[PDB]
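Cβ placement follows ideal geometry from the backbone for every residue including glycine, while neighbour counts extend to all protein chains displayed. Bear in mind these aren't lab numbers, they're just calculated from the coordinates by the rules spelled out.
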Amino acid sequence: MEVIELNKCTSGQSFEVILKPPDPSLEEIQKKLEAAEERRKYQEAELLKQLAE
Amino acid sequence: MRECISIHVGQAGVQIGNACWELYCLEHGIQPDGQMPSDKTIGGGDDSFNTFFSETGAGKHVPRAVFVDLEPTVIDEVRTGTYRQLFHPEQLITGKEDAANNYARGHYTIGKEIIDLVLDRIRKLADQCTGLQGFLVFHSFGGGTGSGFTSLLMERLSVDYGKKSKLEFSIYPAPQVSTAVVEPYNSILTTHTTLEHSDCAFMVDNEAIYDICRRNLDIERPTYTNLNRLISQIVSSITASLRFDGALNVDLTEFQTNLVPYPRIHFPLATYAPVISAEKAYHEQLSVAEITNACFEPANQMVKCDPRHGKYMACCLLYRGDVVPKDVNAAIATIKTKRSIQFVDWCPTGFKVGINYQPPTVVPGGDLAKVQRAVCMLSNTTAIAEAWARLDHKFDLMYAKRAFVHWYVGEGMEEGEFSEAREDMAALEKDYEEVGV
Amino acid sequence: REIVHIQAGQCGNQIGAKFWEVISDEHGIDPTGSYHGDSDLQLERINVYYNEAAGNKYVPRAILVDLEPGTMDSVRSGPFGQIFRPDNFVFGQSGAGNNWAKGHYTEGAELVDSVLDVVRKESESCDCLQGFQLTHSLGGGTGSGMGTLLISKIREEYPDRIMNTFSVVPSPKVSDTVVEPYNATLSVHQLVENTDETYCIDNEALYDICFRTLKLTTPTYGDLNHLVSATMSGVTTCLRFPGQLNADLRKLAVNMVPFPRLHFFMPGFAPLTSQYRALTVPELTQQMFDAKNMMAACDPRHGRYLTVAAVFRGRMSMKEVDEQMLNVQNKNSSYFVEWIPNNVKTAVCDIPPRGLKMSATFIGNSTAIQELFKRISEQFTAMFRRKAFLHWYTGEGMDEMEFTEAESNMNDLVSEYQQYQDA
Ligand SMILES: Nc1nc2c(ncn2[C@@H]2O[C@H](COP(=O)(O)OP(=O)(O)OP(=O)(O)O)[C@@H](O)[C@H]2O)c(=O)[nH]1
Ligand SMILES: Nc1nc2c(ncn2[C@@H]2O[C@H](COP(=O)(O)OP(=O)(O)O)[C@@H](O)[C@H]2O)c(=O)[nH]1
Ligand SMILES: Nc1nc(NCc2ccc3c(c2)OCO3)cc(-c2cccc3[nH]ccc23)n1
Ligand SMILES: [Ca+2]
Ligand SMILES: [Ca+2]
Ligand SMILES: [Cl-]
Ligand SMILES: [Mg+2]
Ligand SMILES: [Mg+2]
């Protein structure tokens, strides 16, 4: 069980013990948000057309 | 010295932020008015605590933090509470109308109108850093804002700060305190959209925290205040290495290096011991060996699952208090001969160990007893994938009937995004099986 | 934040007035509009239903509508009648003669614009309007026909706000005219399209409760409306008091309504009062789920629950509440659909209603509600196959075709409920 890389300071210590070896761009984001907003506009216009009938 | 900026999104994220920053103030000796008498360098410095606190010429120590919510009622409590003087007003951002538990309303409809303002305030904080490391992001999986706005934000932070590390702290949904049926939809949609943008994510299951509070603190019916105080102890254990002198996990990149060799499998399991009640008359104190043993009991884990039936990829033990290396190594030698700890073949069998000599702090008049020594274990084990299975099963049950889907479509989401997210989850479960069995 | 309330016609205005009496008493507001309570919990969310006027006066955010004056004179003379804003009374003179077509197409159309002006003035001064609630009956002419006309115009001018109704459904057991089934079929067709939530209040059930359980040989409208007002108080408690929850009408709707057309809820209340024995939590739980406490005359064992909300009021053990709610779900699991996990939700408010130590209100989205619509459909068909009494309607310009379409819409709603009941 090998103990390696001990480090020490006034606030503590650390070490390791071994027991055994072995993106989208801004434009695309903007487009997606605008496509969703357009779909919402379309549904709203269909509702208001129903109401005018 | 390198700065760290925290972002708290939605109700759960804001309230957990409150608990964490209260505890950090007690640990560093900062008063609610922001003064720090032990700090002899007035108006600046590159001490370790400066990673998390800036300084004014008047000696005020100011959190590097942004709070964001789409309705105002939770952040107003911060504005009027005990620590109101700690935070600059431009740090506290609110909208008028919330996402009503609907991922699509958070991500598309409302997020589109506040995202630029939020990025501007973040930029304001970034311009004060001389060597910005990255971000710590706190949110729920289940809320409309915590899921949908957070995923939008993560995409934009990847665009605007492409070199920087990003860590998550995520609240996984539990029916014992949950208030909505659609939380599985929101959890899958946000995990899918965020997965490439997050370097390392610590999941906390509300069911585990609830049961720990009932069993070990003798609380008949835990509230959010109890839950958040315990969670804040665990978060503090994780960030102490960023806030104090030391040689392990001293920057955000080291979390990935030590815990995540496969980039998609970046969800480490946390285990914390001991949790002891303040009302319990006398407590016989637990030795290093006993608390290190408690790390292998499922009842102490942040997600209920069974590590005996998976494989380890990495392991870290973070001790606080009266602990020397000799006792750690003796405990580990004992534990190896008694428990089922099997690593994958391409990784070494081993523990990286950190010790901070200052014992844990507790909140006066709280439910937690002061102890002389405690430990947090961070292990990357495939058994955590059990939680994905549970969530995915619930998703499949509802989506087969299209229950509640119209609420999401009416906000402009297409039905296809549901099945893209679900198939990405199917591939994730497959990755964990191929690695683990 | 702010809710706008509307009450239309005789039934709507009587139950509306009773509602405002009960909740004004709970918030410590007297008939003059002065606050005389003992606790800041009464005022912290008072603004949801009341505007503040000069002199620390609280005025209901309420609009009062009818095509004849009589009932609004009775409101104005009623015990709390002075608390309503005078400018919010909007009434015609002609009447609507229990005729949906008069309410919707002729007499009602003349008045609707002046009603919308007052709605707009109330909304304009709201900090953040969450939406609307309407009280009305479906069996008459004004509440039924003009109420559904109003609903349509409000959707057209405020399309993204929640529209909620409390709707009293007719019964031959408590009947004013023979044409009630025509007026109800025409109205349901509108509600299916234009509301987010409709509470089905059946005069059959209210009568049976007064007769069998509360022991009253001759129930009046007053006795029925007492139960209605207590139920409505129960159902608005979670918005009205500081009970941890961060909710608005939209989040509640998102939690309760899995498919847009299936939004008709079955209310209940416990304990039923007309005593002194306090009531254990097991007893509240058993009674709130009992068929006999339901306000729509439907057997819940004849269908399945899509969703359930339970609201408990009073000082009690949350542990015991959880245990009892879990007990009923685990022992009766077959009546709850397996493909919506965790579909039963529970709220607790510390403040009890007047005259009770402990109480429970029930809201169910059950497929058994199809029984109510089938009832109405049969009564409709029995007349419509012989065209009986149709001349009252065609004389106001309606064609037979519109009746056929309304009948078809309601048979489709029934078929949908059956589809989800067999799944
Ligand atoms: N641990 C913990 N969980 C919380 C807390 N507050 C809310 N939650 C959980 O978060 C989930 C709901 O998410 P919220 O944070 O309330 O929703 P939101 O992000 O504000 O989004 P909105 O729907 O727009 O209000 C549920 O599972 C809650 O149990 C908290 O203070 N602590
Ligand atoms: N529960 C209840 N039902 C009523 C009341 N007044 C009338 N009704 C019922 O409502 C229907 C009559 O409608 P009504 O309100 O009188 O017509 P309107 O004035 O034209 O809107 C019939 O089914 C009556 O039995 C009431 O105060 N309470
Ligand atoms: N849909 C729905 N449910 C209700 N019940 C209670 C509940 C508590 C906690 C919940 C929950 C529901 O859903 C998830 O968490 C009341 C209401 C309502 C209707 C109409 C007018 C109203 N004014 C105030 C309230 C309200 N509307
Ligand atoms: Ca300094
Ligand atoms: Ca005329
Ligand atoms: Cl940069
Ligand atoms: Mg919220
Ligand atoms: Mg009448």
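Across the alpha-carbon set of the range C:337-423, the Rg to Rh ratio works out to 1.19, Rh being the Kirkwood radius. Peptide C:337-346 is shielded by partner chain Cβ atoms: per residue, an average of 5 of them sit within 10 Å of its Cβ. With 0.36 nm allotted per residue and the present C-alpha distance subtracted, the residue C:116-residue C:213 stretch has 30.7 nm of extension available.
For the range B:1-81, GluC sites (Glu not before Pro) meeting the loop criterion (DSSP other than H, G, I, E, B) and having at most 16 other Cβ atoms within 10 Å: none. Take each residue in A:5-13, count the other chain C-beta atoms within 10 Å of its C-beta, and the mean is 6.
Karplus-based coupling profile of the range B:232-241, in residue order and whole Hz: 5, 4, 5, 4, 4, 4, 6, 8, 3, 5, with θ = phi - 60° in 6.51 cos²θ - 1.76 cosθ + 1.60 and x standing for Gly or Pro. For residue A:37 and residue C:390, a Förster radius of 60 Å and the Cβ-Cβ distance give a FRET efficiency of 0.80, rounded to the nearest 0.05.
Among the listed pairs B:311/B:370; C:292/C:357; C:57/C:121; C:251/C:374; B:124/B:164, those with a Cα-Cα distance over 26 Å are B:311/B:370; C:251/C:374.
Here the Karplus curve 6.51 cos²θ - 1.76 cosθ + 1.60, taken at θ = phi - 60°, turns the phi angles of the range B:199-205 into couplings of 8, 6, 10, 9, 7, 10, 7 Hz, with x standing for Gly and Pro. Here residue B:96 and residue B:389 are evaluated by their C-beta separation; at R0 = 35 Å the FRET efficiency comes out at 0.35. Amide H contacts under 5 Å for residue B:70: B:10, B:95, restricted to partners 5 or more places along the chain or on a different chain, H placed in the peptide plane at 1.01 Å from N. Annotation: Cα Rg of chain C relative to the compact-globule expectation 2.2 N^0.38 Å equals 0.95. With R₀ set to 22 Å, the beta-carbon distance separating residue C:173 from residue C:301 gives a calculated FRET efficiency near 0.50. Largest mean-square fluctuation among B:323, B:74, B:409, in a Gaussian network model of chain B whose springs join Cα atoms under 10 Å apart, belongs to B:409. Here the sum of -39500 (n - 2.57) over DSSP H runs of 4 or more residues, divided by the residues of chain B, equals -12000 deg cm²/dmol at 222 nm, to the nearest 500.
Taking all C-alpha pairs of chain B, those more than 39 Å from each other amount to 17 percent.
Rounded to the nearest whole Hz, the Karplus-based 3J(HN,Hα) values (6.51 cos²θ - 1.76 cosθ + 1.60, θ = phi - 60°) of the range B:352-360 follow the sequence 8, 10, x, 10, 9, 6, 6, x, x, with x at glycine and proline.
For the listed peptides B:339-347, B:306-314, C:159-167, B:188-196, a ranking on the average number of other beta carbons within 10 Å per residue, highest first, reads B:188-196, C:159-167, B:306-314, B:339-347. By the Kirkwood approach, averaging reciprocal distances over each pair of separate Cα atoms, the range B:269-383 gets a hydrodynamic radius of 15.1 Å. Peptide A:35-42 shows a mean partner chain C-beta count of 5 within 10 Å per residue C-beta. Comparing B:177, B:288, B:250 in a Gaussian network model of chain B, where Cα atoms under 10 Å apart are tied by springs, the biggest mean-square fluctuation is seen for B:177. For the pair residue B:27 and residue B:282 in one chain, pulling the backbone fully straight at 0.36 nm per residue adds 89.3 nm over the alpha carbon distance. Springs join every pair of Cα atoms under 10 Å in this Gaussian network model of chain B, and among B:369, B:104, B:270 the largest mean-square fluctuation is at B:369. Once the convex hull of all Cα atoms in the protein assembly as shown is built, its volume per residue stands at 180 Å³.
For the range C:8-80, the C-alpha radius of gyration divided by 2.2 N^0.38 Å, with N the number of residues, is 1.17. Computed from the C-alpha gyration tensor, the three semi-axes of the ellipsoid equivalent to the range B:124-180 are 28, 11, 9 Å, from longest to shortest.
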